[PDB]
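Enquirer:
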Amino acid sequence: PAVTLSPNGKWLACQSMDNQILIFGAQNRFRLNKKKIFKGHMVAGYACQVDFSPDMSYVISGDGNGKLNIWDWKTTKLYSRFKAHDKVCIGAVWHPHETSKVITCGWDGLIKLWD
Amino acid sequence: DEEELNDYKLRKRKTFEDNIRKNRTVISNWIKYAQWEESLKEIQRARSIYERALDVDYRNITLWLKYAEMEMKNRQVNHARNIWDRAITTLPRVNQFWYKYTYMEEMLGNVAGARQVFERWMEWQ
Amino acid sequence: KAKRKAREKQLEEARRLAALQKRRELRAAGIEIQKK
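Same order as they appear, the protein sequences are chains W, J and L.
Here the first sequence stands for residues 465 to 579, numbered as in the deposited numbering.
Here the second sequence stands for residues 216 to 340, numbered as in the deposited numbering.
Here the third sequence stands for residues 166 to 201, numbered as in the deposited numbering.
1. Going by DSSP, name the residue or residues bridged to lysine 256 of chain J.
2. Taking the straight line between their C-alpha atoms, what separation do you get for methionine 520 of chain W and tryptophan 537 of chain W?
3. On the premise that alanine 511 of chain W lies in contact with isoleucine 575 of chain W, defined as a C-beta separation below 8 Å, what is that separation, rounded to the nearest angstrom?
4. Measuring straight from C-alpha to C-alpha, what distance separates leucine 577 of chain W and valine 507 of chain W?
5. Going along the chain, which residues of its own chain have a beta-carbon closer than 8 Å to the beta-carbon of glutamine 311 of chain J, five neighbours each way excluded?
6. Would you identify the three-state DSSP class for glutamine 479 of chain W, choosing helix, strand or coil?
7. At a Cβ threshold of 9 Å, is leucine 176 of chain L touching chain W?
8. For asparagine 497 of chain W, which residues in the same chain have their Cβ closer than 7 Å to its Cβ, ignoring the five residues on either side in sequence?
9. Looking at C-alpha atoms only, which residue of W:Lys499, W:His561, W:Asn533, W:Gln513 is the closest neighbour of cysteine 569 of chain W?
10. Is any beta-carbon of chain J found at less than 9 Å from that of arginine 181 of chain L?
11. So which residues on chain W does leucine 191 of chain L lean against when the C-beta distance must stay under 8 Å?
12. Note the first and the last residue of the continuous alpha helix (DSSP H) segment covering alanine 329 of chain J.
13. Along the chain, where does the alpha helix (DSSP H) containing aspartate 300 of chain J start, and where does it finish?
14. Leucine 176 of chain L to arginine 169 of chain L, Cα distance in whole Å?
15. Spell out whether any CB of chain W is found under 9 Å from the CB atom of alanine 184 of chain L.
16. Check the Cβ of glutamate 219 of chain J against every Cβ in chain L and list those closer than 8 Å, keeping chain order.
17. Please decide whether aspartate 222 of chain J counts as near chain B, where near means a Cβ-Cβ distance under 9 Å.
18. Could you tell me the alpha carbon to alpha carbon distance between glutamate 197 of chain L and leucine 191 of chain L, rounded to whole angstroms?
19. If we ignore side chains and look at the alpha-carbon of each, how far apart do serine 525 of chain W and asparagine 483 of chain W end up?
20. For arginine 260 of chain J, would you say it is in contact with chain L, using Cβ-to-Cβ distances shorter than 9 Å as the test?
21. Quick one: what's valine 309 of chain J bridged to in DSSP?
Here it is in structure tokens:
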């Protein structure tokens, strides 16, 4: 559903509707990095907008289950899983110039900032 | 408990409804429907259930019995007394009705009421 | 007759199961579609 370029411009991180996010090298030969495969979402049927913080250390991800997941994009694992929205949590956008800011839109009609 | 449980309820309810739809005579299905309800603790449901069953067969001692047994186990004691007097009004020559009425009245303490219901009772010698 | 109907006494439940497990995971995924 969704593809976001890492603010380093090295990776296209595309939320694959197989419930997980896949990273590819966007600068090198269409390589799928299976060492960068973010696990634990449910994206089949939803377009979860996932993003990257500016330090390339953190990734933010949405699930339709109300789950805001805050992952350490290096360790490939999430460090937080909380209530983002009630309806389909569509946009989970990391702010590039703010450290804590994760702004979420969704089918819920309420537009949140989290910090 | 959102919808797996709720749909299990929906199923069992639809079943009991179809079984009593087929027969609506012999009562075991009426009872089992109702006691399933009471075990799920919806006594408004179970109440309407026993009224309908009592409609189709108001000469069933076991129906009257377990109706009032529900009411007593849930101590809507006023409701229970209404049940018991209606019973002993329509099926007087049944004795266990009179009995359970008194016994429950006794552990309720209203022995003035117990006396007068025994006066009632003896009017039938 | 008798024993056949015993066989679908379960394999029916798998259907609501495979309806449940899909749809709970389905609708929680971000899509609240109703069958009709």
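Virtual Cβ for every residue (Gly too), placed ideally from N, Cα, C.
Expert: In short:
1. Answer is none; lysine 256 of chain J lacks a bridge partner.
2. 7 Å
3. The Cβ separation is near 17 Å, so there is no contact.
4. Between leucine 577 of chain W and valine 507 of chain W, the alpha-carbon positions lie close to 22 Å from each other.
5. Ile276, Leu280
6. strand
7. no
8. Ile487, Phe488, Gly489
9. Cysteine 569 of chain W has its Cα closest to that of W:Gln513, out of W:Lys499, W:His561, W:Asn533, W:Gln513.
10. yes
11. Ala508, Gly509
12. Counting along the chain, the alpha helix (DSSP H) containing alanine 329 of chain J begins and ends at 326–338.
13. According to the DSSP assignment, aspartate 300 of chain J belongs to the alpha helix (DSSP H) that extends over 292–305.
14. 11 Å
15. Judged by the 9 Å Cβ criterion, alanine 184 of chain L is not in contact with chain W.
16. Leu185, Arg189
17. Looking at the structure shown, chain B is missing, and the protein chains on hand are W, J and L.
18. Their Cα atoms are separated by approximately 8 Å.
19. 11 Å
20. no
21. According to DSSP, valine 309 of chain J bridges with nothing at all.
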